[PDB]
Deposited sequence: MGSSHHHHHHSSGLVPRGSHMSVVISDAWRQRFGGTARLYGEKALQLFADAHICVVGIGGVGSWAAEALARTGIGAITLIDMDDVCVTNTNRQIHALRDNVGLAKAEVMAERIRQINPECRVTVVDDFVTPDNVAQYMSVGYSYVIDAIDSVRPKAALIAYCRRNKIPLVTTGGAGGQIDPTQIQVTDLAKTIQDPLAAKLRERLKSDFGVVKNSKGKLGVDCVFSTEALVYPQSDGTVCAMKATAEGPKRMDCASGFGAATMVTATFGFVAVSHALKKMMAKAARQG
């Protein structure tokens, strides 16, 4: 459904060499949504674009702030005060002019989550920090079998080598992930499996949290983003191989 141009092949030849032609087409035909374009999600957006994903949706309504500078790819002096999602969309268009980027200038809420998630995404990357919306987002994708990867807390951590993906039920050292399980259970009835799983893939770190509200670093928060994207692409490729 995207006809790969010669220019696209120039941009993404390295992607073809790594994942294969079938994968290159799969990515070019994919539509991935990132919700929250902050210290995790902005790097996830970047990585999507640089891996030949053919359509990307970004959901956020916040502006670039100078305090974002330590950990968000869109935080540059001339961007300050502009909407994070539009700034990122403009950058994606510079990475891959043929990528179809949509900006939703809104916050996902429990009342609008169904209408936004129901578009038909290949994958959803959840990089929101507010717990009530995040729980609602995860609950919705999970019930509807919308492929999702969610991300735990990326602040207060210095070691990018401790980042990994596991079922949301098995995360450790992560109070955000913990409070999410709580909310899922009580407000959406989401609960453990036969196997002790919630069936929700989560990027988290095993690192014990560093208290000074938390600080953050690019090397860690970006790696959350990148690990979420690589997890998604792996799943998508495994699915495409199966059928």
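Numbered from the first deposited residue, the unresolved ranges run 1-21, 234-256, 288.
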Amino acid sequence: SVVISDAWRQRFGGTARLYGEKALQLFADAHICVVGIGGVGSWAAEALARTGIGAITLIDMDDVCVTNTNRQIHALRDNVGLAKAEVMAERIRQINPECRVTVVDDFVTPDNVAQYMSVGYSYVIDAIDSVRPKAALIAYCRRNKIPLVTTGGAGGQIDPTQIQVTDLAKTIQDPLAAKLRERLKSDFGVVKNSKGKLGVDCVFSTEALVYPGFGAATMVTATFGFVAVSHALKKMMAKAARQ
From here on, numbers count along this sequence of modelled residues.
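Only the largest set of C-alpha atoms that superpose within 1.5 Å between the two forms is called the rigid core.
Relative to the displayed structure, the C-alphas of 110-118 lie farther away on average in 4 other deposited structures of this protein than those of the other candidate, with 144-152 and 110-118 compared after rigid core superposition. Relative to the displayed structure, the C-alphas of 191-199 lie farther away on average in 4 other deposited structures of this protein than those of the other candidate, with 64-72 and 191-199 compared after rigid core superposition. Of the two segments, 177-185 and 66-74, the one listed with the higher mean B-factor is 177-185 (C-alpha atoms only). Mean CA B-factor, 117-125 versus 86-94: the higher value falls on 117-125. Highest CA B-factor among the listed residues (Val104, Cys99, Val80, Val131): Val131. Comparing the C-alpha B-factors of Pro160, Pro147, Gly155, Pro110 in the entry, the top value falls on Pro110. Sort the modelled residues of the chain by CA B factor and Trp43 lands in the lowest third. The entry lists a Cα temperature factor for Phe214 that places it in the highest third of the chain's modelled residues. Among the modelled residues of the chain, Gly54 sits in the middle third by CA temperature factor in this PDB entry. Per the PDB record, residue ranking by Cα B-factor puts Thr206 in the middle third of the chain. Among the modelled residues of the chain, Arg9 sits in the highest third by CA temperature factor in this PDB entry.
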